[PDB]
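The chain below stands alone and is given in structure tokens; this is the form deposited in one PDB entry.
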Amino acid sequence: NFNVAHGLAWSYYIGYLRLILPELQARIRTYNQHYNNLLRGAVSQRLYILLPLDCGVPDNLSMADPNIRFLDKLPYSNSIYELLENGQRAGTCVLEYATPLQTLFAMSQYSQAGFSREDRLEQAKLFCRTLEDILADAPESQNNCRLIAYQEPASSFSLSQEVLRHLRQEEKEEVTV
């Protein structure tokens, strides 16, 4: 009852993730020949979904962290980003905000909804849980995407470092197991 995030998660998966994920790792490998050749290093395999409990989705990622720099489009719109440490390329990554969080934010500012900041944060959390469950039971359409949920303090916080942790963990997984 008034669990808006339940529908948001299902719709996001059914209407978007289920459609873009299967070919995802293929068109990344296709691209990876060239990234290997042109400035050695490869783009990670999973799709990284940013879920700020903020529900704060900026029009451009670099605006949320200067160390997250746009690099290239993946051959509808999918973007490859480099992540920086001291000006050095530390990682590369197809990276994306979960759009439905924008809906939770717009409801937050829509008065007739009776939807507060407190509700929004809780629905954001519910959104993550629910999507996580959905992906768990989803066939091979889960091992090609990682959810990155995070709450910013209010205040030092690095989103690049957060993504970087996930990227390095992924690589550790691939070579070990």
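Start at 1 and count along the sequence shown; that's the residue number. Just so we're on the same page, rigid core means the largest C-alpha set that superposes within 1.5 Å between forms. Shifts are known only where both forms have a C-alpha.
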| query | finding |
| --- | --- |
| Residue gap status of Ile20, at least a third of other entries | no |
| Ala154 dropped in a third or more of the other entries | yes |
| Residues with no coordinates between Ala154 and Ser155, taken from the deposited sequence as a class | 1 to 3 |
| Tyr76 preceded by how many uncoordinated deposited residues after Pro75 | 10 or more |
| Per the entry, higher mean C-alpha B factor between 34 to 42 and 121 to 129 | 34 to 42 |
| Between the two ranges 62 to 70 and 47 to 55, the one averaging a larger CA B factor in the entry | 62 to 70 |
| Criterion, highest CA B-factor; candidates, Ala113, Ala149, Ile134, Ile28 | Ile28 |
| Relative C-alpha B-factor of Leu24, binned into the chain's lowest, middle or highest third | highest |
| Chain-relative CA temperature factor third for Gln88 | highest |
| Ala5 CA temperature factor, ranked by third within the chain | lowest |
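This next part talks about the form deposited in another entry, which is not shown.
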| query | finding |
| --- | --- |
| After fitting the core, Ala26 CA displacement of 2 Å or more between this form and the one not shown | no |
| Rigid core superposition, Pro58 Cα moves 2 angstroms or more between this form and the one not shown | no |
| Is_shifted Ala136 between this form and the one not shown (CA, 2 Å cut-off, rigid core) | no |
| In the other entry, whether the C-alpha atoms of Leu19 and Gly41 sit closer or farther than here (change of 3 Å or more) | closer |
| CA-CA separation of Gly41 and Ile28, closer or farther in the other entry than in the form shown [shift of 3 angstroms or more] | closer |
| Taking the rigid core as reference, consecutive runs of 3 or more residues that move 2 angstroms or more in Cα between this form and the one not shown | 34 to 41 |
